[PDB]
Amino acid sequence: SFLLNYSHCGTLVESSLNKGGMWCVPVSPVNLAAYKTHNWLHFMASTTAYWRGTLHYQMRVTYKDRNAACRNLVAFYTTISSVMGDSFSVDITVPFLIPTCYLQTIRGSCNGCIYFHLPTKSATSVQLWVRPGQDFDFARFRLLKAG
Amino acid sequence: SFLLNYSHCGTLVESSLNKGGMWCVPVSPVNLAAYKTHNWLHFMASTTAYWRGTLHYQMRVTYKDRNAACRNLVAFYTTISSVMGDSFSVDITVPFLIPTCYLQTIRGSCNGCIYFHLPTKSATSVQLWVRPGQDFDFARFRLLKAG
Amino acid sequence: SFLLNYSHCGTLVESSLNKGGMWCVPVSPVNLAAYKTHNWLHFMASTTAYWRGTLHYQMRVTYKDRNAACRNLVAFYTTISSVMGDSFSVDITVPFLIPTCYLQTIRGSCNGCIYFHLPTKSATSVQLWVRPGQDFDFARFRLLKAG
Amino acid sequence: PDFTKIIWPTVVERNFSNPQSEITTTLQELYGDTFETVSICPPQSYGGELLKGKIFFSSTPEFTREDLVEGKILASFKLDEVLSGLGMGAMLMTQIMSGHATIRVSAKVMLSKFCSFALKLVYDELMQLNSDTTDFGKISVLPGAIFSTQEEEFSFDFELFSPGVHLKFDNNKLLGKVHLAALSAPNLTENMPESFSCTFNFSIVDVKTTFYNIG
Amino acid sequence: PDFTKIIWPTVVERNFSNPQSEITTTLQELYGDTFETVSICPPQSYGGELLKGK
Amino acid sequence: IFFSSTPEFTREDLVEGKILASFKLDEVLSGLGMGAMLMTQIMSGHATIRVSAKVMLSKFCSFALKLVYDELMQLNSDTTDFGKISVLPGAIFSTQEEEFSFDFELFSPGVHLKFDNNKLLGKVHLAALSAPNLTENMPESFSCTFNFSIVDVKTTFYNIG
Amino acid sequence: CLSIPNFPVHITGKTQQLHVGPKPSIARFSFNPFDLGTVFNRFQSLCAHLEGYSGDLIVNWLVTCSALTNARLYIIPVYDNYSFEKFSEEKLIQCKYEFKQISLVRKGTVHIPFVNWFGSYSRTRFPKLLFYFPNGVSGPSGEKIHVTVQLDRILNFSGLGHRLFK
Amino acid sequence: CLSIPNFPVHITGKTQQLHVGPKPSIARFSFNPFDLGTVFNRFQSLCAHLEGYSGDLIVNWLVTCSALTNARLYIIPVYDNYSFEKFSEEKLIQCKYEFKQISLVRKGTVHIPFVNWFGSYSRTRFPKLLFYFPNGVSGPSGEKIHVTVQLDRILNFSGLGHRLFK
Amino acid sequence: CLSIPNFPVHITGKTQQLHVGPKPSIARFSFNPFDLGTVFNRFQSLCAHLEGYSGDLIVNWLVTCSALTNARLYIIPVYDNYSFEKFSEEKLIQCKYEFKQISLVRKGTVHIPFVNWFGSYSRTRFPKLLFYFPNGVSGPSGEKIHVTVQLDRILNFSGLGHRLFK
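Residue numbers (the authors' numbering), protein chains in the order written: chain B, 6 to 40, 56 to 99, 117 to 145, 152 to 190; chain B', 6 to 40, 56 to 99, 117 to 145, 152 to 190; chain B'', 6 to 40, 56 to 99, 117 to 145, 152 to 190; chain C, 2 to 216; chain C', 2 to 55; chain C'', 56 to 216; chain A, 3 to 168; chain A', 3 to 168; chain A'', 3 to 168. A prime marks a further copy of an entry chain.
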């Protein structure tokens, strides 16, 4: 929990952007979207076997113009409940809600899933940033290639 | 740390303004962009040999109209992590994250670098203001011409 | 310091309004712009010989439409440092920064000067309101005509 | 010792430590270092601190019967003249170039037992009333007091105000203006004297000298 | 004494201190200053305070 | 102290007997300083007055000077006599290592001394007894300080406007 | 509400003449610092924005006459803005008012405690001080006595309100 | 306002010549650290944005002459920016000023307490130290004595204001 | 800065050969956990984002030789990233370094206190441990002794900075 600020987790590809909207993201320090290590949180998750802790997600949206920000963004969570942000971002803190002690990172599962209601028209980009919280823990070692 | 408010560090030239965007700024009390003393912080840095302390940067953007403020501004830092502001400004506090005691001001290096994601269209001006923090220090003397 | 709220100091004339922008205002309880008593602060300043204390200024801007509020307003001070507001107003508190005890009101000088960066296009009105602070003082008497 | 050394921001740099100085080629009694403190000392045999409590100025002007309308200024005194006159009290005061002075002023009119009128003794501090003023709008509001000129002799103290911490006296023509103002016509007007005589005594209540004149 | 003198904002200015007044041309018993306080006194032999209870 | 002057005299005036500096006591007591103006207010009374002289010299030159009190004003400043200098009340002193002072009482024929309009209060002089020590490649002028002090004053009548 | 323990104002009222004669005379002095003249007094320079104030008044009063002039003086407060043309001396002696002979006591200070039904003084609510000479004034052949008062200060000042600066 | 107990500045003034002669001589040293030269001194590097400061000055003064040179020296403060062409030695001895013979004492340290009518020093308000030789200087045949001062430090420093960086 | 009292890393350095011979030999072991290889070590998995760290190193050192092999061993720290090709044994005995005979003591633990001029270790600033055999190694006819070290742990760990994830 020594990473400075929000590190970049994932950018939504510029094809599924304006097409309707729903965006499933697993609550995990791993880049599970790739079933490659992207930033420091992904690096710490790939070099460990187990993890528990709170994750602070934040979705940042960019529109063509200010008029396209027709509503404030919402974010749903499950293991349907939602949180409402402002018209240009939405924060969501996800505590460890699995009744176990640790969850495996990679080859040795998710703390839930966030569902971001994507914009429907005249949006430019949708990015997701993640903060490792404060009561975080990576309790093992695991070999990761340096190539 | 007795300067009243944010002093003007740098205005982005009106040619690299709308052309895409990225804006690298070294975290230093010196006007390192010029490799001339501009304000009081630059003056104190040029008349000293060494410096350490926190710097509070703030980027102010001006658009053609309010519609052009299509997103809220972000600011990245390194020695990639970012902070998110509002649609017309972004603050970023940079503590002394070099593990040394002091850094040289001029001829006797940077505390990192900020990367400001510039607007991409219909912007008018981008200025950067700096505040010398509170735990600041300039621990030497250095001769500076008065011409 | 018993005046209820912000009292009206000065309206910008509707000729120098859209023409570029810069607006110099002396930090004084006197209507020094007229080199006539306008409100209660001006009245107390004209019926006294000396003054010291903090002044809370606030500039209120009115545009043709909301789109014309293309940036947030800034206010500079000197005896260049600035403060940044929102897109429709800007507050600036000016403490007594002259190293004397009192300043003369009228015929028996300014605590500095504010420089308001005026809008550049499609603005309707620019007004300036002043609040006499809390540690204020008018330490003399002075005759003022009641005509 | 590592980067977690706490830094105390001080303005004293160690690029110049204790500057020792030692006598080499001669005797000390022939080469001495003096350490003094240049403070301001008022002189011994004179200086405004002798006038403290005592009179330093006195005038006796006059005013006619026809000037006893309501509001008319009868006598005036510029404090920059009262403090720079030709008497011995003033010449001891013009030597003080800057400092503080609280000044007492007293007025006294000589009358019969027949006539008696009231007078206001005002301290116009910003010198906003020339001697040719019959306003009474200005007289009624100026700091001062009313007194009867037949059975009484009225005095009051006032402090000279400075915008700064001390008050520069040298070339200062803005020290105030004392006036004697008429509030009403005399008691009896027939077969009466056509002029009066008023005595003014300016005293020093307190004086401090923060700088003294030396030639 | 410098600009860091703390200022206590008071409404009493020292442009008019203790106004002394002294009798000159006559005797005091012929010229007296009275200090009174004009308060309201109900009369002695009547006034609603006699009807109190009645 | 109530009076102080700093007159000058040239090298060529350092012959034997020449008067270098003069001071009329009726002028020293009626000058323009604050010490004098407090003294011109005394119209009659007694005054014993101290006078001190001091010449600034190098370590090369050194000459002797007499400081005389001509009480009846019998020596104008253009006197090179030395017959009069040698006998007047006063003392000799060396002007390089020393600073010489003495007291004198103002004499009145009556019991007190009328000061008002009294141009006969005395005359103090500084007289040269000899040529300088060295005369070649030397300053062409000197500077002497005179400090008149009050040893004692009594006022038997004071001036009132 | 702002509170001022001592508030000096040094406002002097208009000096009022009285010709000698046997007719009963009254000199009225209203004490309304909100009343404006040619110049703004110390009260208005600092507390004219107020709607109404409260506090005890101190008034220096002065009667200038000859040395051969006799009169009895009744200094009478008038609160709640009542108008009295004539006074009943029976009523004044029943209220234990004491008259003073101006040939013996012709200078004084009057403390006026705060008394108003509404709860404060204002532009329209103010105390009055009436100098009532029941036997007139007996003076030497054409004398006029002059009665002059000065509102010295206000003790235990309290004020409320915020008027519009007209 | 920022407060600095001890603030070393090590600013040396211009060394001033004095030819030998009998004429009364004065060497003026203004102590105005806001005064700019070719290089910015330690005072300006940290407190040039200020409008005015306050504090006691410590000055090292030095008179370089021969061993056969005589003079009396009066070190005189001048506050509130007054100009003195001539001094009255009567006035100096009445104020108990003590002169020093430069053949015996020609080095020293002068403490200058804060004295200004306005309340602070500034670009226009500064103290002056006048080295007054009443009898001139008596030296060996063409000597020039040199008077040199150095503003050592500022004790009990306090400063206010915020100027514009021109 | 994050602080870790005990931080185990179990990083083993490359084992270094030494042929037997009379020539003076040196085996250099840099201790730079920021140095990357095929796999990220325990140090990098948790503190690779840092710009620099601080703390005492604990190193397990091991010399594998025969039972008939003689050598004198000087374990020498090298801070501030200096390069020594040859050592002056006079200088080592003057600094009270003690050599160990590998036929009697060929296993050990070296505590390396934090010593760096800059204030921290980094990618470019790291300590070195030099195993200096002044008389070479005397072994049985073609022996090679192997020197192997393992960075065991870091005591009193402290780290600052935030690098970019490349």
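All residues carry an ideal CB built from backbone N, CA and C; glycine is no exception.
In the three-state reduction of the DSSP assignment, C:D68 falls in the helix class. Of all residues in the region 3-31 of chain A, only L4 come within less than 7 Å of chain B'' when Cβ atoms are compared, listed by chain position. Contact check for C:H167 against A':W63 fails: the beta carbons are separated by 8 Å or more.
With respect to the C-alpha of A':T17, the residue from A':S124, A':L153 and A':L106 having the closest C-alpha is A':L153. Straight-line measurement puts the Cα of B'':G145 at about 42 Å from the Cα of B'':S165.
Shown here, A':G39 sits in coil according to DSSP, grouped into three states, outside any helix or strand. A buried status is given to B'':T142, since no fewer than 16 other beta-carbon atoms sit within 10 Å of its beta-carbon. Within a 10 Å sphere around the beta-carbon of B':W60 sit 16 or more other beta-carbons, which makes this residue buried. Partner residues in the beta bridge of A:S160, as assigned by DSSP, are A:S5 and A:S56. Here DSSP, grouped into helix, strand and coil, assigns B'':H62 to helix. Counting the other CB atoms within 10 Å of its CB gives B'':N92 a total of 16 or more, which places it among the buried residues.
Taking C-alpha positions only, A':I60 is separated from A':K146 by approximately 26 Å. If you check the CB distance, A':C3 and A':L162 come in under 8 Å. Taking C-beta atoms as the reference points, B':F184 and B':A69 count as a pair closer than 8 Å.
Taking 4 residues as the minimum length, the region 122-170 of chain C contains no alpha helix (DSSP H) run wholly inside it.
If you ignore the 5 residues before and after B'':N87, its C-beta comes within less than 7 Å of no other C-beta in its own chain.
A residue is called buried once 16 or more other Cβ atoms fall within 10 Å of its Cβ, and B:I117, having fewer, is exposed. Here C':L31 is near A:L106, since their CB atoms are less than 8 Å apart.
Proximity of the region 64-75 of chain A' to the region 10-28 of chain C' falls short of the contact definition, fewer than three beta-carbon pairs being nearer than 8 Å. For B:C153, the closest C-alpha among the options B:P132, B:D85, B:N23 and B:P162 is that of B:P132. For B'':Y158, the closest of B'':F181, B'':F63, B'':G190 and B'':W28 by C-alpha to C-alpha distance is B'':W28.
Contact between B':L134 and B':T99 holds, since their C-beta atoms are separated by about 6 Å, short of 8 Å. B':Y83 counts as buried, since at least 16 other C-beta atoms from the protein chains shown sit within 10 angstroms of its C-beta. The C-beta distance from A:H21 to B'':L9 rounds to 50 Å, too long to fall under 8 Å, and the pair is not in contact. Listed in chain order, the positions of the region 132-151 of chain C with a beta carbon within less than 9 Å of a beta carbon of chain A are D136, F137, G138, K139, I140, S141, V142, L143, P144, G145, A146, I147, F148, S149, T150 and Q151. Bounds of the beta strand (DSSP E) holding A'':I114 are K109 to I114. In the DSSP assignment, C'':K174 is bridged to no other residue.
Neighbours of C:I215 in chain A', taken as residues whose beta carbon is under 8 Å from its own, are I78, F86, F89, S90, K93, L94 and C97 in chain order.
A straight line joining the alpha-carbon of A:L70 with that of A:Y76 spans about 20 Å.
Around B:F179, no beta-carbon contact reaches into chain B' at under 7 Å, the shortest distance being about 16 Å. With respect to chain B'', the C-beta atom of A':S105 has no partner C-beta closer than 8 Å. When secondary structure is reduced to three states using DSSP, A:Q46 falls in the helix class.
In the DSSP assignment, B':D180 falls outside any alpha helix (DSSP H), carrying neither H nor E.
Along the length of the region 58-123 of chain A', whole beta strand (DSSP E) runs at least 3 residues long occupy 74-80 and 109-114, reported in chain order. Rounded to whole angstroms, B'':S119 and B':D123 show a C-alpha spacing of 19 Å. Looking at the DSSP output, C:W9 bridges to nothing.
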